[PDB]
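Peer 1: Pasting in a structure now, in structure tokens, and then I'll have a few things to ask.
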Amino acid sequence: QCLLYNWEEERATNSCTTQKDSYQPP
Amino acid sequence: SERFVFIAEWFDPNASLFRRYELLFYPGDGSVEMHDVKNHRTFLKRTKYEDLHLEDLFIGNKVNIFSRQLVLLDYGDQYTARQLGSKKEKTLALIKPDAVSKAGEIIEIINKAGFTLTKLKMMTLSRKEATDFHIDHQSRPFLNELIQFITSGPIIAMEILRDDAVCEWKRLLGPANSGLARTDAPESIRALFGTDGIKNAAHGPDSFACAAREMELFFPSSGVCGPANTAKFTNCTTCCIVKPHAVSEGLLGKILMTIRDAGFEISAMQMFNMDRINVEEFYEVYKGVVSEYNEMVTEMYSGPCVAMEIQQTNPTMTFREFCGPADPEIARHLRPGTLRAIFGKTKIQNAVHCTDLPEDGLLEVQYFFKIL
Amino acid sequence: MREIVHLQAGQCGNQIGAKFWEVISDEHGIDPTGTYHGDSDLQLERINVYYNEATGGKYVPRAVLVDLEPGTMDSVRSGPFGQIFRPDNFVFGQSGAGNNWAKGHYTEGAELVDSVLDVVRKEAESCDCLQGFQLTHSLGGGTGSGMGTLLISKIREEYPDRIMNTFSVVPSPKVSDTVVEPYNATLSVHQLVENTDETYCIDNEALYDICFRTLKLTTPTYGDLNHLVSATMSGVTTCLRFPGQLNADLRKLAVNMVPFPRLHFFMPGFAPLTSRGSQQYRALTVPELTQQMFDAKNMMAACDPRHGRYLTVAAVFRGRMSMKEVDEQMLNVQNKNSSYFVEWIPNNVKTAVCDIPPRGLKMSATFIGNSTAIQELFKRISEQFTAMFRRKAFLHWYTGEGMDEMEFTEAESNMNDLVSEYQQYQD
Amino acid sequence: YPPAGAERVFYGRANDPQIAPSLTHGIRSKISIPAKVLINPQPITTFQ
Amino acid sequence: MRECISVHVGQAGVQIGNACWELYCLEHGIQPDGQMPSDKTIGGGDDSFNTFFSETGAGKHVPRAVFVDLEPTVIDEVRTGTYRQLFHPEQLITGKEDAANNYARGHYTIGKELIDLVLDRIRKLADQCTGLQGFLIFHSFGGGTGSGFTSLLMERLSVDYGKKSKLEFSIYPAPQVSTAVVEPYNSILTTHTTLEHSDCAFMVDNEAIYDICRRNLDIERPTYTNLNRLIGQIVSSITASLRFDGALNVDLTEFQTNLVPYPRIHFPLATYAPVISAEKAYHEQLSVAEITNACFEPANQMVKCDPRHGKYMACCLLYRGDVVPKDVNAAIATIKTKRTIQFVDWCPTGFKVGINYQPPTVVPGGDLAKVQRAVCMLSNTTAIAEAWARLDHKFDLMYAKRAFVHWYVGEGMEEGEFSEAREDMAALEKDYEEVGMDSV
Amino acid sequence: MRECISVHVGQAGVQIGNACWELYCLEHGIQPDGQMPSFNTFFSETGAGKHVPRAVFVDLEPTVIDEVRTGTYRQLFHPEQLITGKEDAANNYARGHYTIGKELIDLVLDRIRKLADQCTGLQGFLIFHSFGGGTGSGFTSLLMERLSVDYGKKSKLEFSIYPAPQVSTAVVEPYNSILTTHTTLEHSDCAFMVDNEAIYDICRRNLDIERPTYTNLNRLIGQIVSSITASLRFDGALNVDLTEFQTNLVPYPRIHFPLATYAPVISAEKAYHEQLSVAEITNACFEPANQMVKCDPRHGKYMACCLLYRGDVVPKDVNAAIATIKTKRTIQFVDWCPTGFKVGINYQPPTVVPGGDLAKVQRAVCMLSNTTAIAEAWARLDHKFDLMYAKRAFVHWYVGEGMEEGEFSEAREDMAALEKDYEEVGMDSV
Ligand SMILES: Nc1nc2c(ncn2[C@@H]2O[C@H](COP(=O)(O)OP(=O)(O)OP(=O)(O)O)[C@@H](O)[C@H]2O)c(=O)[nH]1
Ligand SMILES: Nc1nc2c(ncn2[C@@H]2O[C@H](COP(=O)(O)OP(=O)(O)OP(=O)(O)O)[C@@H](O)[C@H]2O)c(=O)[nH]1
Ligand SMILES: Nc1nc2c(ncn2[C@@H]2O[C@H](COP(=O)(O)OP(=O)(O)O)[C@@H](O)[C@H]2O)c(=O)[nH]1
Ligand SMILES: [Mg+2]
Ligand SMILES: [Mg+2]
């Protein structure tokens with residue numbers, strides 16, 4: 001709320017394997 | 001600004017790989033811009049180009065830019081889908097069996113209304129699809145001549161893509177029965193076409209949901225769709241016509257009005273063609289004979305063509321002389337009444353391509369629908 | 001048999017070089033894929049001069065393409081005729097050459113010339129008989145006058161026998177686009193007079209003047225000018241590609257128009273240039289084409305040849321014409337004004353003819369002339385340089401890059417020696 | 001007497017339909033577009 | 001790969017940058033929450049969003065700028081404003097107390113605590129990118145924060161980086177009016193550590209921008225939001241060729257060598273040509289041959305000077321929109337013949353042209369119309385010397401009996417910097433005076 | 001390339017300009033909004049179809065120009081062109097020429113440069129001003145001068161309103177009218193002349209409309225200014241440009257003060273009862289009445305008249321009629337003019353302005369003549385100066401404002417010379 005310290009952070013916050021993406025069916 | 005974005009797809013002829021591009025169109029100045037999505041680099045920049053028209057950009061349509069012919073496959077964004085894909089609907093049309101004598105008038109009326117034809121073919125359905133169109137068509141009234149004519153003979157069937165074509169084609173028909181059409185007697189297609197009520201009428205879908213059932217019944221998927229619907233030969237069918245680019249100009253309707261003069265018939269109808277191997281390999285007559293042969297096939301590549309079956313009716317004027325000489329301006333100089341002086345728009349690309357050798361006329365027409 | 005490599009240096013030289021393929025691919029029937037798409041067969045008998053066959057009927061241009069800014073790479077890899085090019089001939093440059101002769105030569109061009117000489121040599125030793133080199137570039141900017149001028153000597157170090165040709169643009173007579181261009185022009189012509197065998201001097205206000213006084217084109221878009229350069233650049237090389245009843249290659253233009261080894265500064269031109277409204281209102285024949293050929297306004301230098309004497313003239317004609325009308329019309333204009341031609345060369349003009357013109361014209365030509373009046377071009381920059389040199393105007397960037405004041409004095413002296421011997425042969 | 005934050009409107013102009021914040025996508029005198037030089041020395045014809 | 005980087009020091013640096021980054025997100029597609037505009041989809045290649053933005057994994061374009069200021073107040077207004085999602089919060093750094101119009105606090109006692117953090121922040125911005133081309137220093141000569149802390153950012157960046165070019169944008173203390181009282185002190189002491197530590201410094205007077213809004217525009221009563229939009233238009237047009245395709249692009253690297261003759265004369269002026277209200281744009285025929293004629297005329301300048309009393313050395317003209325290369329060439333031809341405007345006689349060319357294809361866009365809420373063409377003039381003029389001489393006279397009035405000095409020298413500051421800045425500034429004037437005459 | 005920037009100065013000007021630019025507009029076709037439902041001489045094209053006019057309406061007062069800025073034709077004139085001040089001049093040359101004027105001299109001269117930098121062949125500047133007010137005489141003198149040095153050559157014509165004979169509006173006018181002579185005499189390629197009282201007559205004895213107002217009158221100076229600038233616009237046979245008029249009407253460098261006389265000034269309720277043949281119209285300009293400056297030309301020598309016709313006027317009659325006027329033993333011509341008449345003809349007919357006093361005739365003839373009768377005029381006003389200057393009256397202001405009593409004497413001295421020159425110009429050559 002009051003702008004002192006880290007109030008940025010307060011206000012801001014208030015299935016694949018290498019074979020099946022390279023060796024797919026041609 | 002106000003960009004038109006489309007997903008392009010071109011096949012490189014020696015690299016047997018599919019290249020996925022992103023076609024940009026700029027209306028108001030006619031600019032074109034190819035754009036690659038395989039990598040993060042451009043292909044073409046914002047350059048003016050006049051051979052593109054706004055009506056040619058359709059999903060599934062085939063277009064030629066910079067001698068590089070690509071097919072449109074997807075929509076680039078939701079804006080073009082809202083601007084074009086929201087209203088562009090493909091409807092089903094089927095002319096009456098008794099409306100064959102004015103078949104081109106239905107084509108001319110469809111072309112003048114803005115309904116471009118994408119699948120307009122006279123096709124003979126299979127045995128299952130002959131009764132499939134007769135299964136949904138069921139009523140207490142007598143259906144003796146209404147069901148017998150469709151299953152055996154050929155009729156002019158067409159799929160037209162336009163804006164709200166389901167309601168636009170239904171607006172063109174109006175009344176269904178010929179007696180009700182004669183009672184209304186308005187300026188409509190069903191007033192001047194369609195005989196004996198439901199025995200032969202220009203049938204149209206009542207809704208887009210029921211349009212799929214009607215479109216699949218007449219022209220199904222290419223497993224049992226049927227390659228041919230007319231006679232392979234008639235001992236005089238040595239004349240075959242071709243409209244490679246005149247279909248996109250709206251000349252398909254008027255080319256049938258001007259061929260019916262001097263007592264010539266109509267037999268065949270189709271609306272599909274491909275890029276290379278079905279036209280280049282089978283123009284073997286023109287493989288080395290004709291000079292400027294490259295231009296002779298360039299305009300055939302872009303637009304799909306319709307091929308026409310003609311048998312010789314009167315030996316006074318054959319079709320080979322009715323069309324005229326090779327150059328369309330010479331057709332103007334020889335006699336303006338010939339076919340290619342009337343409709344020859346391009347310098348050497350004609351409206352109709354005939355069979356030059358009379359012996360190959362029966363060979364060429366037997367390929368186009370019986371083989372395909 | 002005979003071949004020419006193509007070199008593009010600088011932003012100006014790149015798209016004059018790129019527009020060249022808008023003019024010689026349709027004269028050779030090459031569509032923007034590399035395949036052949038054309039009418040006549042005689043296009044494809046001497047395709048080896050500019051194009052190299054790749055695998056599968058795909059003609060790739062023989063061109064070495066270098067610039068030090070990436071922003072000009074996309075302009076030449078454009079949509080129309082960009083993908084015909086070999087993609088690894090594109091010699092990139094990350095840090096831009098900041099319009100300095102010293103940056104193009106000493107530091108920034110040093111790490112790239114090692115790559116350019118390797119990619120020049122690949123399309124130089126890979127054939128049977130190399131004939132010519134073509135380097136289109138600029139003399140105002142620091143990239144064309146810094147890299148091509150560095151490539152004017154590194155190339156000649158191991159190819160001294162073979163004729164090489166350059167297509168240089170010069171700062172315009174009155175209104176120009178660069179403020180440090182006399183520094184670049186003086187330093188560039190130091191090596192262009194000692195290495196180049198044929199170099200055609202092209203202005204920019206003359207290309208405007210030929211677009212209004214002759215073409216009557218109310219607003220020339222800026223790609224229109226490079227097309228008029230590339231039409232002439234497609235004409236000087238027409239006989240080693242297309243047959244003729246009396247043909248002339250680059251060497252035979254070189255031995256005839258260069259009397260002495262330091263006099264190769266030429267003035268080009270293209271004869272049949274008509275307006276749209278004067279296409280119907282003008283006959284196209286050999287005499288009248290020649291009358292527009294020697295017109296001062298039809299020249300690529302805005303300075304008229306009245307103040308000088310033509311040391312040598314060559315005319316290269318194209319089209320099915322007669323020899324006698326070529327012979328008599330160049331004889332008659334030789335004797336009509338004999339005071340504008342030098343007296344110590346009696347057969348002062350050279351004639352060349354081809355059989356096939358460029359497409360769309362039944363009969364054309366191209367002009368290449370050596371005149372004493374090109375001294376006025378060089379007298380401008382020599383007067384402009386000494387205005388900028390006695391005050392040390394923009395010398396901070398040149399001296400800080402690794403170069404002394406002795407190179408500027410040597411360049412000014414060699415311009416003055418160049419001017420002095422032109423004045424010597426004026427009388 | 002301008003109160004807060006904008007420009008001065010002349011009194012004979014304050015009660016007309018303002019069209020200047022609508023169509024002024026194009027203000028500049030657009031430079032004319034000619035015929036190209038791809039046509040004037042390079043047309044195309046044929047044998048006929 | 002052809003990108004640049006900017007740092008904004010001071011309240012004026014960030015408030016101008018508020019007006020700049022509105023225009024940078026309207027030229028490129030990027031929405032206020034750092035995103036592509038949805039729907040309308042520009043694709044992969046199209047690499048114009050690189051010179052001022054950094055692309056992450058998703059479509060989150062993050063600007064290439066760090067906004068450092070010792071006051072929290074104006075930075076926090078940016079951080080709570082309509083662009084809170086655009087700037088990365090670790091780029092929106094802030095100080096603790098302001099320098100409070102004090103050069104000593106901005107350089108020695110308050111400016112030394114952020115100097116390690118701002119150099120680390122620029123270094124990872126520089127490490128993330130590869131094709132660095134220039135630096136854009138946005139600040140003001142008036143205050144002690146924006147002029148004292150940038151003196152560190154002019155010197156530490158010169159030692160660490162060096163050969164890479166680095167451009168400066170500043171607010172000239174106004175000639176007739178002034179904002180504060182200690183402004184002539186803060187103005188000239190930075191020049192000792194700005195002269196040999198910079199490549200070019202675009203100098204801008206806010207009082208002339210008042211005169212532009214009064215006459216060229218129809219808007220009396222200008223707010224600072226309206227003033228900094230003109231500066232945003234200028235900074236967009238200098239860097240327009242670095243991002244956008246043009247017939248004659250000019251890179252930032254050759255921009256120096258065709259503007260600054262000598263390594264000490266690096267103070268160009270600015271001029272934006274089509275500063276026309278929307279109604280008068282509906283009236284006037286606007287064309288190339290008269291729009292750069294309006295650049296040279298004294299009533300469209302951005303700094304109080306006089307082209308009729310000051311001779312130009314080199315002129316850099318940058319065009320936008322529907323420009324064609326003779327239209328400048330006919331315009332240079334008709335203005336070389338003008339006997340009102342004088343150049344220096346040892347520079348016969350005296351011109352650099354810049355041609356760009358895409359016209360400027362206008363931010364909503366402004367007064368400019370969507371004009372299809374624009375000119376930005378950046379000229380070295382001898383008339384900046386008499387703008388320096390009045391500021392040296394303003395300093396001498398206070399320094400005659402040594403007033404407003406105990407605020408400086410008490411905070412770790414000496415009097416030798418006051419002494420040496422006078423003959424340093426005298427070295428500016430004698431270098432700008434010796435080019436006034438030509439040798440016959 | 002037949003442009004003609006037209007600086008309108010003084011209430012007379014900004015009240016002669018509304019009527020004059022209304023004709024132009026109603027002629028070429030430009031509506032009171034530019035958008036048109038040749039035009040270059042007066043109007044200038046913009047990006048779209050907004051043909052903005054090309055003038056520099058000026059007035060050190062802020063009232064009349066403010067009406068235009070709020071009047072009917074409002075969006076036509078550009079906010080800038082209509083330059084205006086904040087304090088009047090108060091019929092005192094000194095003010096408009098030595099004081100207040102100095103302030104608005106830059107704004108106007110500068111805007112003039114801009115209207116001129118968009119011209120590719122300005123054929124000449126026209127100044128429309130009064131000769132008895134402040135901006136009328138003071139500012140005009142200034143603009144006239146600076147414009148002479150800078151724009152140079154460019155013909156400078158001054159359509160103006162000279163103090164009338166007996167009728168008048170101001171008492172300090174005589175001084176001004178003569179204190180603005182060393183301006184015209186020198187800087188003024190050719191100065192036409194009008195006279196309120198004279199136009200009241202031509203709009204009462206010819207227009208039938210009695211009680212005429214400034215509008216009813218201004219329309220006639222506008223119809224006249226539309227015949228000198230007719231050829232440069234609409235085409236015709238013998239077409240005379242602003243330069244020609246001069247090289248056929250200025251018989252000597254100094255003597256450049258012609259007298260205008262429109263001819264077919266008739267009411268529709270009468271023009272439909274006459275033949276109005278070239279003959280008739282012609283004989284009118286040479287009748288001592290239609291003259292627009294009370295100076296009966298039967299007391300002078302018609303040096304070089306310039307008959308500029310318009311409409312359906314075939315050259316044959318133009319020659320026959322001219323001959324009849326050249327054999328009338330009632331007109332009288334200088335010996336040094338064997339010829340005498342410059343006949344021009346434009347097919348475009350005169351245009352009728354809604355609510356106009358004139359009629360839609362099919363032929364018209366403005367006859368710019370150079371007589372030795374303009375002398376008589378400068379002589380009447382001359383006396384009205386010596387009568388007041390004697391008792392150094394109304395001189396306390398001028399001298400204070402910022403000038404010297406010396407100038408007053410020089411004005412009358414210079415004026416005196418003009419009258420003498422005019423006398424020797426037309427003396428039977430012996
Ligand atoms: N052009 C422009 N100048 C500004 C703006 N805001 C403040 N200034 C100038 O900045 C000067 C004062 O310095 P500031 O920028 O306000 O603050 P600072 O730079 O952080 O320095 P300090 O005042 O010590 O905190 C004044 O002389 C103003 O002229 C602005 O929005 N636009
Ligand atoms: N009859 C007649 N007289 C006119 C007309 N216009 C101007 N005048 C005369 O010219 C004189 C000039 O008046 P103004 O134009 O107002 O004077 P000014 O030039 O503005 O000078 P200041 O009033 O001192 O500012 C008037 O007093 C009239 O007598 C007109 O249209 N008809
Ligand atoms: N034909 C042609 N000439 C150009 C072009 N751009 C610039 N020029 C000429 O080249 C000069 C500028 O040199 P430039 O090539 O831009 O320098 P560089 O970028 O360092 O190579 C100018 O004087 C122009 O006359 C262009 O696009 N086409
Ligand atoms: Mg502060
Ligand atoms: Mg008044």
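Simple scheme: letters A, B, ... for chains in structure tokens order, numbers from 1 for residues in each chain, numbers from 1 for ligands in the order shown.
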As a quick test: using only C-alpha atoms and all ligand atoms, which residues lie no more than 6 Å away from ligand 2? Give them as number ranges by chain.
Peer 2: F: 10-12, 61, 88-91, 130, 132-136, 168-170, 196, 214, 218
Peer 1: Can you write out the residues you just picked, keeping N, CA and C atoms, as a compact mmCIF listing (two decimals), in the first residue's frame?
Peer 2:
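Output file part-v1.txt follows:
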```txt
# COMPACT_ATOMS: atom_id res chain seq x y z
N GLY F 10 -6.55 47.12 -44.79
CA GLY F 10 -7.53 48.15 -44.35
C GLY F 10 -8.94 47.62 -44.37
N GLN F 11 -9.85 48.24 -43.61
CA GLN F 11 -11.27 47.81 -43.66
C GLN F 11 -11.70 47.84 -45.12
N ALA F 12 -11.36 48.92 -45.83
CA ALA F 12 -11.67 48.97 -47.28
C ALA F 12 -11.28 47.64 -47.92
N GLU F 61 -6.76 46.44 -37.06
CA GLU F 61 -7.94 46.39 -36.16
C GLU F 61 -8.40 44.93 -36.04
N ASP F 88 -6.20 49.58 -33.03
CA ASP F 88 -6.49 50.22 -34.33
C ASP F 88 -5.41 51.25 -34.69
N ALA F 89 -5.59 51.93 -35.81
CA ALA F 89 -4.59 52.92 -36.26
C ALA F 89 -5.16 54.32 -36.07
N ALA F 90 -6.48 54.45 -36.13
CA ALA F 90 -7.13 55.75 -35.89
C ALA F 90 -6.70 56.76 -36.95
N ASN F 91 -7.23 56.62 -38.17
CA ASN F 91 -6.88 57.54 -39.28
C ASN F 91 -5.68 58.42 -38.94
N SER F 130 -7.44 51.37 -48.72
CA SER F 130 -8.09 52.70 -48.69
C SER F 130 -7.00 53.76 -48.58
N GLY F 132 -7.08 56.79 -46.71
CA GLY F 132 -7.57 57.78 -45.73
C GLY F 132 -7.60 57.21 -44.34
N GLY F 133 -7.33 55.91 -44.20
CA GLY F 133 -7.30 55.27 -42.87
C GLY F 133 -5.88 55.07 -42.41
N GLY F 134 -5.69 54.28 -41.34
CA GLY F 134 -4.34 54.00 -40.84
C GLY F 134 -3.75 52.81 -41.56
N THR F 135 -4.23 51.61 -41.24
CA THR F 135 -3.77 50.42 -41.98
C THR F 135 -3.89 50.74 -43.44
N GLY F 136 -4.93 51.49 -43.81
CA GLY F 136 -5.13 51.88 -45.22
C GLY F 136 -3.91 52.55 -45.80
N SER F 168 -17.36 62.67 -48.04
CA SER F 168 -16.18 62.22 -47.25
C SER F 168 -16.63 61.51 -45.97
N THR F 169 -15.68 60.96 -45.21
CA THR F 169 -16.01 60.27 -43.95
C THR F 169 -15.17 60.85 -42.85
N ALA F 170 -13.90 61.13 -43.12
CA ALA F 170 -12.99 61.60 -42.06
C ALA F 170 -12.53 63.03 -42.34
N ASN F 196 -15.67 56.59 -54.01
CA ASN F 196 -17.02 56.26 -53.46
C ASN F 196 -18.11 57.05 -54.17
N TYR F 214 -22.22 49.89 -49.05
CA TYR F 214 -20.82 49.51 -49.40
C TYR F 214 -20.81 48.18 -50.14
N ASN F 218 -19.04 47.67 -53.48
CA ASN F 218 -17.85 46.79 -53.55
C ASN F 218 -17.97 45.80 -54.70
```
Peer 1: How would you write, as a list in words, the set of residues no farther than 6 Å from ligand 1 when counting only C-alpha atoms and all ligand atoms?
Peer 2: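 Counting only what the definition allows, namely only C-alpha atoms and all ligand atoms, the set is residues 10, 11, 12, 15, 16, 69, 98, 99, 100, 101, 140, 142, 143, 144, 145, 146, 171, 179, 206, 224 and 228 of chain E.
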Peer 1: With only C-alpha atoms as the atoms that count, which of D:23, D:30, D:47, D:42 lies nearest to chain C?
Peer 2: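 Checking each of D:23, D:30, D:47, D:42 against chain C, counting only C-alpha atoms, the winner is D:42.
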Peer 1: Can I get the residues close to ligand 3 as a list in words, where close means within 6 Å and we count only C-alpha atoms and all ligand atoms?
Peer 2: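 These are the residues that qualify: residues 10, 11, 12, 16, 99, 138, 140, 141, 142, 143, 144, 171, 176, 177, 204, 225 and 226 of chain C; 247 and 248 of chain E.
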Peer 1: Would you list, as a ChimeraX atom specification, the residues of segment 103-326 of chain E that end up in strand (DSSP E or B) under DSSP run on this structure's backbone?
Peer 2: /E:132-138,167-172,200-205,248,271-272,277,312-321
